[PDB]
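**Student:** coordinates only, sequence not included:
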């Protein structure tokens, strides 16, 4: 459920996840679905992030 | 045939390989304009460069290896004297 | 009027076939190549001691490359331009 420039979101998600992983995380962007896929379980840490940003 | 003679003389076994024949840009314009470069030449320049790069890499790594070993030995011989430098004086005497 | 019982080259009776001067030439040529081979195979530059871990730095990195290469595999990004781009089938010239 993402409405907007999803690449904008992927920049931020990647940049936020990188210092934790040590490497830039693998991603699949879907513009038609409005969907982002990220490799591994980051669920817990992503909730906390999308709360901060207020989404 | 006669690759043997060619080898003794220092040329290529196959007159195709690397001789003056294959290297030169066979066709040019009337005006004298240089031709668009050939594909056989191009990829060969690429791979010859790969070969050179790797000769340099290996030679350098071998010299670095030998340097490292010598260094390690000199350090060892130096630790042997560090032993003398640290030791306590024996007060046992006859 | 002369037969070679059974199959020509298989059994306990075979076709007699003789060795030829050509074959001797070839065999000896190949030997000479091998002799020259082990001459050059005889004398190492570094000793066995000296060559220890001389590149463990590169050989770690090569494997990191081999790992990253697989880490990178995921289903590719799907973009807006293709789905809507398909609509171009019905383009009308009026």
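**Tutor:** Good, I have the coordinates. Residues are numbered from 1 along each chain as shown, chains lettered A, B, ... in the order given.
**Student:** Tell me where the chain has strands.
**Tutor:** In the absence of a named chain, this looks at chain A. A:27-30, A:35-38 (DSSP state E).
**Student:** contacts for the first one?
**Tutor:** The one in question is strand A:27-30. A:6-7, A:10, A:13-14, A:35-39, C:74-78 (C-beta atoms under 8 Å, 6 or more residues apart in numbering or on different chains). Quick note: C-beta positions are derived from backbone N, CA and C, even for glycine.
**Student:** Tell me which residues of it come out buried.
**Tutor:** For strand A:27-30, the buried set under the neighbour-count rule, 16 or more other C-beta atoms under 10 Å in any protein chain shown, comprises A:29-30.
**Student:** follow-up on the earlier one: what subset of the contacts of strand A:27-30 is also close to chain B?
**Tutor:** Among these, not one lies near chain B by C-beta under 8 Å from any C-beta of the partner chain.
**Student:** Just the buried residues out of the residues you listed, in ChimeraX syntax.
**Tutor:** Burial among those is assessed by 16+ other C-beta under 10 Å; the matching ChimeraX selection reads:
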select /A:6,10,13,38
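**Student:** Could you check how far residue C:78 is from residue A:34?
**Tutor:** According to C-beta to C-beta, to the nearest Å, residue C:78 stands 11 Å off from residue A:34.
**Student:** In space, what's closest to residue 7 - neighbours in sequence excluded?
**Tutor:** Picked chain A for this. residue A:29 (6.6 Å; C-beta to C-beta, 6 or more residues apart in numbering or on different chains).
**Student:** Can you look at chain B instead?
**Tutor:** residue B:13 (6.1 Å).
**Student:** That neighbour touches residue B:2, doesn't it?
**Tutor:** No - if you go by C-beta atoms under 8 Å, residue B:13 and residue B:2 don't touch, sitting 9.9 Å apart.
**Student:** for residue 18, what are its contacts?
**Tutor:** You didn't say which chain, so I picked chain A. A:24-25 are the contacts of residue A:18 under C-beta under 8 Å, 6+ apart.
**Student:** My question was about chain B, not that one.
**Tutor:** Contact analysis of residue B:18 by C-beta under 8 Å, 6+ apart lists residue B:12.
**Student:** Look at residue C:33 and give its secondary structure.
**Tutor:** helix (DSSP: H, G, I helix; E, B strand; the rest coil).
**Student:** In the chain, where's the longest helix?
**Tutor:** No chain was given, so I picked chain A. Longest helix in chain A by number of residues (criterion: DSSP state H): helix A:6-21.
**Student:** Sorry, I should have been clearer: chain B.
**Tutor:** When chain B is parsed with DSSP H, its longest helix is helix B:39-86.
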